Structure formats: structure tokens, C-alpha cells
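Right, one structure below, let's go through it.
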Amino acid sequence: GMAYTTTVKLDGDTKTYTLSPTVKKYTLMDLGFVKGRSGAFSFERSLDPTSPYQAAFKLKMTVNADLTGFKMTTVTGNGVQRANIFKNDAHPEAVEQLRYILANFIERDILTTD
Ligand SMILES: [Cl-]
């Protein structure tokens, strides 16, 4: 199917992220991804909380078990509702934190961008 992709553009973003064609299981693990029983790898981080477990947003990413496609989204602190952290630059602290997190993935051959 088409739900896992090789590129993702977060809601509102001007950048697109691409899954590295050379992404490695052990590197995913080293960056904090957890492999589920299905073989897929997941990662989640809170963004810009006001108090413990009161995040403004969360970043979620899953890589498929075959290591050839991914999903990545921003949601609100409830972990479900789609969020747009970029529109009108209304959430700069969340964007800085997101970029910091993803910069590590760029440096370790997980994601690229244009
Ligand atoms: Cl499909």
C-alpha cells in the first residue's frame, strides 16, 4: 500500500524529509527507536510542554519492518489530533525542538531533506 512512504512533509512545513535508502536497524535503535513485535520501529517525543505530560505537540515516527518506508506526524499533546506547528510561525519553540531532534536523524543516516 501507500501509507508508508519514502518522503514525508509535516503539516505546514516547507521541508520534506526522505528516509535514507541505507537506513540501519542498529542505527534506528541507537537513536531511540523501539522495535515492536511486528518488526516496525517507532519513536515519539513531546514538544514544548507546559508541565510534565502536558505537551503542546508530539512528534511521532514509524519505520516499516522492511526498512523501506516511513510515517511521520505532528499531533497535539493528546497524541492523536493532527497539528500544524509551522503555519504563520506560531510555534517557534516547538519547531526548534523538532528540528533539533530531526537533525540527529540527518547526522546519523536516517533522514535527509532537500
Ligand atoms: Cl494504499
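Ordering of the C-alpha cells sets the chain letters (A, B, ...); residue numbers start at 1 within each chain; ligands are numbered from 1 in the order shown.
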
### Query
Any idea what's packed within 12 Å of range 8-11 of chain A, counting only C-alpha atoms, ignoring anything in its chain fewer than 5 positions away? Could you give it as a VMD selection string?
chain A and resid 2 to 3 16 to 19 59 to 63 69 to 75 81 to 87 95 98 to 99 111 to 114

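If you count only C-alpha atoms and ignore residues fewer than 6 places along the chain from residue 58 in chain A, what sits within 9 Å of it is residues 44, 45, 46, 47, 48, 73, 74, 75, 76, 77, 78, 79, 80 and 83 of chain A.
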
Could the residues in this selection be saved with C-alpha atoms as a CSV table (one decimal), in the first residue's frame?
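The resulting file, part-v5.csv, is reproduced below:
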chain,number,residue,atom,x,y,z
A,44,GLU,CA,7.9,9.6,19.9
A,45,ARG,CA,8.8,12.8,21.6
A,46,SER,CA,6.9,15.5,23.4
A,47,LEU,CA,7.3,19.1,22.1
A,48,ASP,CA,7.1,22.3,24.2
A,73,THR,CA,3.4,13.2,12.0
A,74,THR,CA,2.9,16.1,14.4
A,75,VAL,CA,0.0,15.7,16.7
A,76,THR,CA,-1.3,17.7,19.7
A,77,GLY,CA,-0.4,16.6,23.3
A,78,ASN,CA,-3.2,14.1,23.2
A,79,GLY,CA,-1.1,12.1,20.8
A,80,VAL,CA,-3.9,11.8,18.1
A,83,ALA,CA,-1.3,19.5,14.4

Write out as a PDB file with N, CA, C and O atoms, in the first residue's frame all residues of range 3-110 of chain A that DSSP puts in alpha helix (DSSP H) for this structure's backbone.
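Output (part02.pdb):
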ATOM      1  N   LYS A  25      18.898  -0.840  10.998  1.00  0.00           N
ATOM      2  CA  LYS A  25      18.243  -1.296  12.232  1.00  0.00           C
ATOM      3  C   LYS A  25      18.985  -0.805  13.463  1.00  0.00           C
ATOM      4  O   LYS A  25      18.376  -0.226  14.373  1.00  0.00           O
ATOM      5  N   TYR A  26      20.290  -1.047  13.530  1.00  0.00           N
ATOM      6  CA  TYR A  26      21.003  -0.750  14.764  1.00  0.00           C
ATOM      7  C   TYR A  26      21.118   0.753  14.963  1.00  0.00           C
ATOM      8  O   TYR A  26      21.202   1.206  16.091  1.00  0.00           O
ATOM      9  N   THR A  27      21.181   1.518  13.878  1.00  0.00           N
ATOM     10  CA  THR A  27      21.205   2.962  13.988  1.00  0.00           C
ATOM     11  C   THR A  27      19.860   3.499  14.498  1.00  0.00           C
ATOM     12  O   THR A  27      19.812   4.374  15.385  1.00  0.00           O
ATOM     13  N   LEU A  28      18.759   2.966  13.971  1.00  0.00           N
ATOM     14  CA  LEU A  28      17.434   3.333  14.497  1.00  0.00           C
ATOM     15  C   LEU A  28      17.393   3.110  16.006  1.00  0.00           C
ATOM     16  O   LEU A  28      16.943   3.958  16.785  1.00  0.00           O
ATOM     17  N   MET A  29      17.846   1.938  16.446  1.00  0.00           N
ATOM     18  CA  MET A  29      17.845   1.583  17.868  1.00  0.00           C
ATOM     19  C   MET A  29      18.705   2.547  18.642  1.00  0.00           C
ATOM     20  O   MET A  29      18.362   3.003  19.716  1.00  0.00           O
ATOM     21  N   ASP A  30      19.868   2.857  18.098  1.00  0.00           N
ATOM     22  CA  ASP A  30      20.807   3.773  18.748  1.00  0.00           C
ATOM     23  C   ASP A  30      20.226   5.176  18.934  1.00  0.00           C
ATOM     24  O   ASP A  30      20.581   5.867  19.878  1.00  0.00           O
ATOM     25  N   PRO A  92       7.332  28.712  17.402  1.00  0.00           N
ATOM     26  CA  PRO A  92       8.772  28.601  17.153  1.00  0.00           C
ATOM     27  C   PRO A  92       9.551  27.699  18.114  1.00  0.00           C
ATOM     28  O   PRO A  92      10.473  27.066  17.685  1.00  0.00           O
ATOM     29  N   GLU A  93       9.184  27.655  19.395  1.00  0.00           N
ATOM     30  CA  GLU A  93       9.925  26.789  20.315  1.00  0.00           C
ATOM     31  C   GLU A  93       9.707  25.311  19.939  1.00  0.00           C
ATOM     32  O   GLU A  93      10.641  24.502  20.029  1.00  0.00           O
ATOM     33  N   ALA A  94       8.486  24.930  19.618  1.00  0.00           N
ATOM     34  CA  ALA A  94       8.193  23.550  19.189  1.00  0.00           C
ATOM     35  C   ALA A  94       8.970  23.238  17.919  1.00  0.00           C
ATOM     36  O   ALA A  94       9.505  22.140  17.789  1.00  0.00           O
ATOM     37  N   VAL A  95       8.996  24.173  16.965  1.00  0.00           N
ATOM     38  CA  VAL A  95       9.734  23.952  15.717  1.00  0.00           C
ATOM     39  C   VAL A  95      11.222  23.791  16.008  1.00  0.00           C
ATOM     40  O   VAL A  95      11.842  22.883  15.465  1.00  0.00           O
ATOM     41  N   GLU A  96      11.792  24.630  16.871  1.00  0.00           N
ATOM     42  CA  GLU A  96      13.212  24.459  17.181  1.00  0.00           C
ATOM     43  C   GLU A  96      13.510  23.097  17.790  1.00  0.00           C
ATOM     44  O   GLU A  96      14.533  22.459  17.448  1.00  0.00           O
ATOM     45  N   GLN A  97      12.646  22.630  18.690  1.00  0.00           N
ATOM     46  CA  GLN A  97      12.855  21.333  19.322  1.00  0.00           C
ATOM     47  C   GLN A  97      12.727  20.217  18.289  1.00  0.00           C
ATOM     48  O   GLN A  97      13.510  19.275  18.270  1.00  0.00           O
ATOM     49  N   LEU A  98      11.701  20.292  17.459  1.00  0.00           N
ATOM     50  CA  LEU A  98      11.537  19.312  16.376  1.00  0.00           C
ATOM     51  C   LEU A  98      12.751  19.255  15.474  1.00  0.00           C
ATOM     52  O   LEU A  98      13.270  18.201  15.139  1.00  0.00           O
ATOM     53  N   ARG A  99      13.216  20.426  15.067  1.00  0.00           N
ATOM     54  CA  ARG A  99      14.401  20.460  14.206  1.00  0.00           C
ATOM     55  C   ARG A  99      15.645  19.889  14.865  1.00  0.00           C
ATOM     56  O   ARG A  99      16.461  19.234  14.224  1.00  0.00           O
ATOM     57  N   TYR A 100      15.802  20.134  16.163  1.00  0.00           N
ATOM     58  CA  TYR A 100      16.904  19.582  16.924  1.00  0.00           C
ATOM     59  C   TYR A 100      16.870  18.052  16.919  1.00  0.00           C
ATOM     60  O   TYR A 100      17.880  17.408  16.714  1.00  0.00           O
ATOM     61  N   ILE A 101      15.695  17.489  17.178  1.00  0.00           N
ATOM     62  CA  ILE A 101      15.517  16.064  17.181  1.00  0.00           C
ATOM     63  C   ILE A 101      15.859  15.486  15.812  1.00  0.00           C
ATOM     64  O   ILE A 101      16.601  14.494  15.679  1.00  0.00           O
ATOM     65  N   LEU A 102      15.276  16.066  14.767  1.00  0.00           N
ATOM     66  CA  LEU A 102      15.490  15.549  13.420  1.00  0.00           C
ATOM     67  C   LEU A 102      16.897  15.761  12.901  1.00  0.00           C
ATOM     68  O   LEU A 102      17.366  14.996  12.087  1.00  0.00           O
ATOM     69  N   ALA A 103      17.599  16.773  13.404  1.00  0.00           N
ATOM     70  CA  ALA A 103      18.966  16.993  12.987  1.00  0.00           C
ATOM     71  C   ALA A 103      19.820  15.793  13.350  1.00  0.00           C
ATOM     72  O   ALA A 103      20.712  15.433  12.630  1.00  0.00           O
ATOM     73  N   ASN A 104      19.548  15.157  14.477  1.00  0.00           N
ATOM     74  CA  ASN A 104      20.265  13.955  14.850  1.00  0.00           C
ATOM     75  C   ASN A 104      20.016  12.803  13.839  1.00  0.00           C
ATOM     76  O   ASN A 104      20.905  12.023  13.571  1.00  0.00           O
ATOM     77  N   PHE A 105      18.774  12.717  13.350  1.00  0.00           N
ATOM     78  CA  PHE A 105      18.442  11.708  12.364  1.00  0.00           C
ATOM     79  C   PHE A 105      19.146  11.986  11.031  1.00  0.00           C
ATOM     80  O   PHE A 105      19.561  11.051  10.355  1.00  0.00           O
ATOM     81  N   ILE A 106      19.302  13.268  10.693  1.00  0.00           N
ATOM     82  CA  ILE A 106      20.052  13.650   9.473  1.00  0.00           C
ATOM     83  C   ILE A 106      21.533  13.281   9.627  1.00  0.00           C
ATOM     84  O   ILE A 106      22.139  12.698   8.744  1.00  0.00           O
ATOM     85  N   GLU A 107      22.101  13.551  10.782  1.00  0.00           N
ATOM     86  CA  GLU A 107      23.524  13.255  11.027  1.00  0.00           C
ATOM     87  C   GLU A 107      23.879  11.776  11.113  1.00  0.00           C
ATOM     88  O   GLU A 107      25.028  11.396  10.900  1.00  0.00           O
TER      89      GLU A 107
END

### Message
Residues of range 13-59 of chain A classed as strand (DSSP E) by DSSP on the backbone are to be reported as a PyMOL selection string.
### Response
chain A and resi 17-19+34-35+41-47+57-59

With N, CA and C atoms retained, could you export that selection as a PDB file, in the first residue's frame?
ATOM      1  N   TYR A  17      11.082  15.466   4.308  1.00  0.00           N
ATOM      2  CA  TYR A  17      12.094  14.547   4.800  1.00  0.00           C
ATOM      3  C   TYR A  17      11.976  13.256   4.023  1.00  0.00           C
ATOM      4  N   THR A  18      13.134  12.689   3.682  1.00  0.00           N
ATOM      5  CA  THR A  18      13.235  11.437   2.963  1.00  0.00           C
ATOM      6  C   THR A  18      13.924  10.399   3.806  1.00  0.00           C
ATOM      7  N   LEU A  19      13.404   9.186   3.797  1.00  0.00           N
ATOM      8  CA  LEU A  19      14.035   8.076   4.503  1.00  0.00           C
ATOM      9  C   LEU A  19      15.307   7.686   3.760  1.00  0.00           C
ATOM     10  N   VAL A  34      12.153   2.028  18.999  1.00  0.00           N
ATOM     11  CA  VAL A  34      11.770   0.748  19.665  1.00  0.00           C
ATOM     12  C   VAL A  34      11.164  -0.173  18.605  1.00  0.00           C
ATOM     13  N   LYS A  35      11.657  -1.384  18.486  1.00  0.00           N
ATOM     14  CA  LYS A  35      11.059  -2.350  17.572  1.00  0.00           C
ATOM     15  C   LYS A  35       9.932  -3.059  18.272  1.00  0.00           C
ATOM     16  N   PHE A  41       9.477  -0.068  13.662  1.00  0.00           N
ATOM     17  CA  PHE A  41      10.228   0.732  14.617  1.00  0.00           C
ATOM     18  C   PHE A  41       9.488   2.013  14.897  1.00  0.00           C
ATOM     19  N   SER A  42       9.283   2.362  16.160  1.00  0.00           N
ATOM     20  CA  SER A  42       8.575   3.608  16.473  1.00  0.00           C
ATOM     21  C   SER A  42       9.375   4.508  17.402  1.00  0.00           C
ATOM     22  N   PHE A  43       9.093   5.807  17.307  1.00  0.00           N
ATOM     23  CA  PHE A  43       9.770   6.864  18.044  1.00  0.00           C
ATOM     24  C   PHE A  43       8.733   7.956  18.323  1.00  0.00           C
ATOM     25  N   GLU A  44       8.760   8.475  19.533  1.00  0.00           N
ATOM     26  CA  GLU A  44       7.861   9.567  19.890  1.00  0.00           C
ATOM     27  C   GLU A  44       8.557  10.516  20.841  1.00  0.00           C
ATOM     28  N   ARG A  45       8.352  11.806  20.628  1.00  0.00           N
ATOM     29  CA  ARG A  45       8.832  12.836  21.553  1.00  0.00           C
ATOM     30  C   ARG A  45       7.809  13.920  21.775  1.00  0.00           C
ATOM     31  N   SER A  46       7.675  14.331  23.026  1.00  0.00           N
ATOM     32  CA  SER A  46       6.946  15.534  23.383  1.00  0.00           C
ATOM     33  C   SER A  46       7.653  16.776  22.882  1.00  0.00           C
ATOM     34  N   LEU A  47       6.874  17.765  22.511  1.00  0.00           N
ATOM     35  CA  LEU A  47       7.346  19.076  22.136  1.00  0.00           C
ATOM     36  C   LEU A  47       6.672  20.142  22.999  1.00  0.00           C
ATOM     37  N   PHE A  57       2.604  19.519  21.670  1.00  0.00           N
ATOM     38  CA  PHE A  57       2.572  18.659  20.499  1.00  0.00           C
ATOM     39  C   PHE A  57       3.397  17.412  20.789  1.00  0.00           C
ATOM     40  N   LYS A  58       3.256  16.416  19.922  1.00  0.00           N
ATOM     41  CA  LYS A  58       4.188  15.293  19.874  1.00  0.00           C
ATOM     42  C   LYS A  58       4.622  15.069  18.462  1.00  0.00           C
ATOM     43  N   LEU A  59       5.861  14.645  18.324  1.00  0.00           N
ATOM     44  CA  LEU A  59       6.408  14.142  17.083  1.00  0.00           C
ATOM     45  C   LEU A  59       6.392  12.612  17.162  1.00  0.00           C
TER      46      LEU A  59
END

Residue contacts of residue 88 in chain A (12 Å, only C-alpha atoms) excluding same-chain residues fewer than 5 positions away, as a compact mmCIF listing (two decimals) with C-alpha atoms, in the first residue's frame:
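Okay, this is what ended up in selection34.txt:
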# COMPACT_ATOMS: atom_id res chain seq x y z
CA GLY A 12 2.60 23.18 7.34
CA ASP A 13 6.25 22.54 6.78
CA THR A 14 8.31 23.91 3.90
CA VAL A 95 9.73 23.95 15.72
